[PDB]
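When we count neighbours, we look across all protein chains shown, and the Cβ atoms used for this are built from the backbone with ideal geometry, even at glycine. None of the figures in this text is laboratory data; all of them are computed from the coordinates on show.
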Protein chains: 2
Amino acid sequence: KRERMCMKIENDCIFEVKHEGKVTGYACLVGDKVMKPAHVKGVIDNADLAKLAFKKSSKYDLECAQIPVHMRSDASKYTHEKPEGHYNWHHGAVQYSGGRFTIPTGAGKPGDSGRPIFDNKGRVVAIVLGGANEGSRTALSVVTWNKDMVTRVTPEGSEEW
Amino acid sequence: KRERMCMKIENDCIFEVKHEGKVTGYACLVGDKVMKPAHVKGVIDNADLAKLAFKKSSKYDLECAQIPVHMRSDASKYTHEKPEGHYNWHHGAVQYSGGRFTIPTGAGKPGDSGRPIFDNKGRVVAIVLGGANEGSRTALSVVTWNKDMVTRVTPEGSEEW
């Protein structure tokens, strides 16, 4: 059941990043802000977004932009609560343990940066920046939200996708 | 059987050429090199092939380039022998007689250049460049391979496609 509304919100809140005719990442709609990883380069496949003025920060590895008014109804809902346990993702399941997001499978690859992670109610909880291969698992270097503050977690050995 | 494998080899080994938004020709990937008819102008429907520095030959009327490493497993097979009989083509079957390739119907149209001619085992024998309407048939001005050289057959009255 969860995958259905998950994929609905995904297609309603994901636009791929083009560069040199090839996909490189994804910029997603959260709340009232278009947000994209900064390590990835290119242009988003929309005339409305391409002309937007972007605020960029390498310390957090992220660009943001104000979404147009007419597109304000096509964005997700955010949250800051971080209960321990299990969460969904475009390629399956993720686990929040010890303040750390983990992929059990290790199925991550370049070009998967910017794909948001969702909660039980479909609310976006994080965005994947990169992965770190720890044994059979992949610790996820992501940008997440506190109540008022934006934080970044990057475990050792991570690599930008 | 032969028709289906010819179609799949053509799908995996042909890239269209577009100019002013209209298709103008075809480029084919054989062995470890991409080649296109030189007379046809446009851009290949692949940024990977579009950025390669193509080598030109007006006398042979052919452009060639060395394929990238990651496309090397998607390459058709070549040969150099020309037994007498019939051969496969995207538009049917071609007849070989006395050094002449001919279409049974004369159904070739402008913009059809570059579509490879396959052997019984799917190996490429020649590359179609142009046609000449002789009688009720069309003679093929094509590009074939010797032991180590390239030869071009252009019967009189032929026109570039």
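Numbers at a glance
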{"item": "Unique match (being surrounded by 19 or more Cβ atoms within 10 Å (Cβ to Cβ) and at positive phi) among B:114, B:92", "result": "B:114"}
{"item": "Residue identified as within 14 Å of another protein chain (Cβ to nearest Cβ), surrounded by 15 or more Cβ atoms within 10 Å (Cβ to Cβ) and in contact with a strand residue (DSSP E or B) (Cβ under 6 Å, 6 or more places away or on another chain) among B:52, B:129", "result": "B:52"}
{"item": "Subset of segment B:33-49 [under 17 Å from the mean Cα position of the chain (by Cα), among the charged types (D, E, K, R) and either within 14 Å of chain A (Cβ to nearest Cβ) or surrounded by fewer than 16 Cβ atoms within 10 Å (Cβ to Cβ) (or both)]", "result": "B:33, B:41, B:45"}
{"item": "Matching residues in segment B:94-119 - criterion: being hydrophobic (A, V, I, L, M, F, W, C) and closer than 15 Å to residue B:144 by Cα", "result": "B:94, B:101, B:117, B:118"}
{"item": "Candidate set from segment B:132-152 (those that are under 18 Å from residue B:27 (Cα atoms) and of a type outside the set (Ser, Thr, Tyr)); member that is surrounded by the most Cβ atoms within 10 Å (Cβ to Cβ)", "result": "B:140"}
{"item": "Segment B:55-78: number of residues that are free of Cβ contacts under 8 Å to residues at least 40 places away in the same chain and either within 14 Å of chain A (Cβ to nearest Cβ) or within 14 Å of the chain's Cα centre (by Cα) (or both)", "result": "4"}
{"item": "Tally of residues being more than 14 Å from chain B (Cβ to nearest Cβ), surrounded by 13 or more Cβ atoms within 10 Å (Cβ to Cβ) and in contact with a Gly (Cβ under 9 Å, 6 or more places away or on another chain) across segment A:6-32", "result": "9"}
{"item": "Only one of B:108, B:122, B:131 that is part of a loop (DSSP other than H, G, I, E, B), over 18 Å from residue B:34 (Cα atoms) and of a type in the set (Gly, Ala, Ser)", "result": "B:108"}
